[PDB]
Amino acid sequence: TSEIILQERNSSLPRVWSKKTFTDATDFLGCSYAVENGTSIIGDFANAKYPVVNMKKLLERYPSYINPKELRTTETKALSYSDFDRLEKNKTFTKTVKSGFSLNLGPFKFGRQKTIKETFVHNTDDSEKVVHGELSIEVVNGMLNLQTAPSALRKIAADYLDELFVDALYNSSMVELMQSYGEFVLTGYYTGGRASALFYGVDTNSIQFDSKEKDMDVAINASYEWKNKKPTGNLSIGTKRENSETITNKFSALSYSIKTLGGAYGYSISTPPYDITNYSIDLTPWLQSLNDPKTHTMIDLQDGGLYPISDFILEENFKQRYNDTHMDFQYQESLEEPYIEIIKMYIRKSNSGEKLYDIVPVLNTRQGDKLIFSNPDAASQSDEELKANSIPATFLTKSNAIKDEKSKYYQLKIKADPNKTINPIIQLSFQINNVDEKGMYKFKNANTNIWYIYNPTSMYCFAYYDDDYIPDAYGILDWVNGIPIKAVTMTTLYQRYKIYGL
């Protein structure tokens, strides 16, 4: 509203903010994993999407980053849940994600409900009577782990990312990247075969969450048979005769659908829904197909076997955006026009209680991050100086002076606005102190084709994949071409610099 342009985006610059560019069980490691848009079966190989880590390249240099271990066990787990928050009553999915990460369960819960609704015939059912069930039957044969020491993860980020993942990182929005890849990277899983069954019951007489869950607990447990459960037997789902009374005594209807993971002679595609007392399926051939380990696949996740994508990238702003987007704090559908806004940054309250501000250029990136170019010596200044930034006349002079300077390096829209505040001291924005376009060097990483432009006095760095369309979006191609080439090692860069992706 009181926004005023100080420089139109140079009109000869283009307006382009983006470009739209499993043999065996061990190949899932370092791939993205889809929660929201997957099958909702935890650890299901189908939810493995695309490679994030270039594993072949990594293992060619450091073979010890991978660590397989033979297992020979069987596992059954049953879960009953009256609603989609109760889905996580045993933290089944929660504990698969890296300990300490801020996990948003919404998408997982949404995906399960979406699947339930697609798997089971459309209903008039009174949700009060509804309870859900899940069964897992697993022949476990192996275990795969990627090294996850932070220093390992940084090395991977720097040099061992899949080039199409690097593409998505710089040529689409984080939103788009998560739609295509999913939200997590596979670091720890189990291999073998698995039968997975979902149940949908209408409890005849209980509406209490716990009572219905105990009813489902009993039903699930009366509804399958594993005789002689040897690892490394007969298996069937469905009740008959005596066991059917166990079900009908508590449920007016209980239906199920199964899906087998790996093996042969099973059910690769989720089955239509069947009444538990009417239709039984013999999985015996499928179970004994699992004696051929060639038929094995990814079947479940290790605790902490899923790492956020943010652990696999160096860029501060992408890391934060991934996190914020996952948490539903931010959502930019697609990359946009960058611009510098000269606005006010909160510093402190005067001894009269008055808010005092510095005037600051803030680069808005394609991704919509705000990179505040702060003056850390602004806090030293005396109250009356800072208060003079509230005078329209000093704002004119300073804003125009900053524009005159930054204009030498950036040909994008520069605007000023005396009524816009940005507060990084109390709060997405980032602070980069002592930004100075004159003090920079650059080098290209040969493995990844990323340019890293770094200021070795102030310890900040702007990164971008090597396609001129990007510097052109910021109208900085001239400037960057003039920047002298000076290599620094990746480890020095990420250990000693803050890196921001343009």
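Don't overthink the numbering: it's just position in the shown sequence, from 1.
- The modelled chain breaks between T21 and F22, where 4 to 9 residues of the deposited sequence lack coordinates.
- Deposited sequence between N364 and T365: no residues lack coordinates (chain continuous).
- In this crystal structure, the stretch out of 188-196 and 369-377 whose C-alpha atoms carry the higher mean B factor is 369-377.
- The deposited model assigns a higher average Cα B-factor to 389-397 than to the other stretch when 389-397 and 135-143 are compared.
- The entry lists C-alpha B-factors for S310, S127, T260, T271, and the highest of these is at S127.
- Out of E88, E336, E245, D300, the entry records its largest CA B-factor for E245.
- In the PDB entry, a CA B factor belonging to the highest third of its chain's modelled residues is recorded for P418.
- In the PDB entry, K438 places in the highest third of its chain by CA B-factor.
- For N47, the recorded CA B-factor ranks within the middle third of the chain. Only modelled residues enter the ranking.
- Sort the chain's modelled residues by C-alpha temperature factor and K250 lands in the middle third, per the entry.
- When all modelled residues of the chain are sorted by CA temperature factor, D472 is found within the middle third.
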